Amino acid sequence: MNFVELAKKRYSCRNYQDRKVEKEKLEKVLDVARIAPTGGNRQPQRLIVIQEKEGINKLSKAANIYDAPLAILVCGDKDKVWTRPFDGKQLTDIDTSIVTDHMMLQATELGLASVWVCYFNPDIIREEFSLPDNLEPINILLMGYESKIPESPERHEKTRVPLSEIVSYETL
């Protein structure tokens, strides 16, 4: 069980069982959101764990969440995030994505199916979860148990472009 095997087995699940995510597994997923690095060690991530009816219903107003039993809304705090002196670019999406990716890989190791969701209505999320102006919703990570057929760990030959199309050496 090494990293590449973990990364390959992970796939996007859009078919979830009713079966709830155990608290013990959730807590291990959350631990790695703290462990992850952020620019300047600023730690701008702000997470809302959503597994109860109201919250799940609120999310379903903003996005297709495939009846997943657990969601984590990952926001970034622009009052904490590092801002690059050259151009003013803030690391909000970068820091929060490292955190989300850590959680997604940890979920996978624990046998949880998952899908990363960015196709959500941000203004609905902001209203429903009463986000103040300094928090921006970035990613929603859904997790649960696959109810149908998982995608194959060997699928990437068909589902990704060749490495040579994304990598060059020294120059473009």
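The first residue of the sequence shown is number 1, and the count goes up from there.
Exercise for the section: Look up the CA B-factors in the entry and say which stretch, 24 to 32 or 40 to 48, has the higher mean. Expected result: On average, C-alpha B-factors are higher across 24 to 32.
Handout entry: 79 to 87 versus 97 to 105 - greater average Cα B-factor per the deposited record
Key = Looking at the recorded C-alpha B-factors, 79 to 87 comes out higher on average.
Handout entry: C-alpha B-factor winner, where the candidates are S60, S147, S114, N139
Key = If I rank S60, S147, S114, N139 by C-alpha B-factor, first place goes to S147.
Exercise for the section: Between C118, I124, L110, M143, let me know which has the highest C-alpha B-factor in the entry? Expected result: Result of the comparison over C118, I124, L110, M143: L110.
Exercise for the section: Please place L131 in the lowest, middle or highest third of its chain by C-alpha B factor as given in the entry. Expected result: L131: CA B-factor falls in the highest third of its chain.
Exercise for the section: Select lowest, middle or highest to describe the third in which the CA B-factor of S12 falls within its chain in this entry. Expected result: As the PDB entry reports it, the C-alpha B-factor of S12 lands in the lowest third of its chain.
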